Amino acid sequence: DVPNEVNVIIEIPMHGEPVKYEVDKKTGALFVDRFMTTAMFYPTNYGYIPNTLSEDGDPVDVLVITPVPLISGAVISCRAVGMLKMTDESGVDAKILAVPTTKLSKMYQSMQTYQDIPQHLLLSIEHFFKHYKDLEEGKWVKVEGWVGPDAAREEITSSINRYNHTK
């Protein structure tokens, strides 16, 4: 039920080890991209929507909120509530924020837009992505800010399209 419901493959569990795992899109294997150099942890699970492409050639990133951590390699059906827009040394870096669908858990039903998310969590997600790469030489992050679920769903749709034209 794209773009309202999407499958996300988890790469990094919430509150996990400072290991930045990434799926190799060619082989489907979970590679270690790098070790984290700040003493920070992902406040949500982190993964991507398969068969998406976006402008920079990588799939659409998704932060998935769950009551307990997921494992790397798991797939979870979720729906977007907003998107954190950012710029870094490489250009734009949007990251969608999503909650599990109601079939997986009814506890997120009232979460429709990013302002519905507990404010403390929005702030720590923002802070994490502003700062987790601070000690990586040659990198910087600027937070443009949050946009709503329509823009998030717009980001999903365009990136699904970009992937379709390529293949």
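Each residue number is its position in the shown sequence, starting from 1.
Novice: Please work out which of 111-119 and 62-70 has the higher mean CA B-factor as recorded in the PDB entry.
Specialist: According to the entry, 111-119 carries the higher average C-alpha B-factor.
Novice: Select between 127-135 and 25-33 the stretch whose C-alpha atoms have the higher average B-factor in the entry.
Specialist: Going by the record's values, the stretch with the higher mean is 25-33.
Novice: At the C-alpha atoms, which of 101, 54, 45, 38 reaches the highest B-factor in this entry?
Specialist: So the option with the highest C-alpha B-factor is 54.
Novice: Quick check on the deposited entry: does the C-alpha B-factor of residue 8 sit in the lowest, middle or highest third of its chain?
Specialist: Its C-alpha B-factor belongs to the lowest third of this chain's values.
Novice: Report the third (lowest, middle or highest) to which the CA temperature factor of residue 145 belongs, ranking only the modelled residues of the same chain.
Specialist: Highest third - that is where residue 145 ends up once the chain's C-alpha B-factors are sorted.
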